[PDB]
């Protein structure tokens, strides 16, 4: 039993991200733009949404496993980390890892998936050494 995730469609022309099956970890995010990535090239692509990740959680942006195999699409900073206080637009750093074939992304194509998990907001405690702290 979870909470909600407040989401804004900055681009009202794209579908609302949704969970394709009940247990699926992620919701698909769409591209708000048309872009062509030549081999080895990247772009920062707008998804047309902003979210409010709850305090104590994190949003995580993962690549889609299909396009990964089929054409080599990946995310430079995978997993992209969406902090709880971030209210800006989610943008995805796509990259074409194929050596030869460009990748054409159309507005409205699914380009990544977004997960939400709890994160432990640890307090760091400096210790002189693991030995002196009893942590061998």
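Residue numbers count along the first chain shown, from 1. If you superpose the two forms and keep the largest set of C-alpha atoms that fall within 1.5 Å, you have the rigid core.
S.K.: Out of 5-13 and 18-26, which shows the greater rigid core-aligned C-alpha deviation in 7 other deposited structures of this protein?
M.R.: Relative to the shown form, the greater RMS C-alpha distance in 7 other deposited structures of this protein belongs to 18-26.
S.K.: Could you check the entry and say whether 71-79 or 30-38 has the higher mean CA B-factor?
M.R.: Averaging CA B-factors over each stretch, the winner is 30-38.
S.K.: Hey, which bit's got the bigger mean C-alpha B factor in the entry, 44-52 or 102-110?
M.R.: Taking the mean B-factor of the alpha carbons in each, 102-110 is higher.
S.K.: Comparing against every modelled residue in the chain, figure out the third that the C-alpha B-factor of residue 118 lands in (lowest, middle or highest).
M.R.: Its C-alpha B-factor belongs to the lowest third of this chain's values.
S.K.: In terms of the CA temperature factor given in the entry, to which third of its chain does residue 25 belong: lowest, middle or highest?
M.R.: Lowest third - that is where residue 25 ends up once the chain's C-alpha B-factors are sorted.
S.K.: How does the C-alpha B factor of residue 85 compare with the rest of the chain: lowest, middle or highest third?
M.R.: Ranked within chain, residue 85 CA B lands in the middle tercile.
S.K.: Would you check the entry's CA temperature factor for residue 59 and let me know if it's in the chain's lowest, middle or highest third?
M.R.: Residue 59: CA B-factor falls in the lowest third of its chain.
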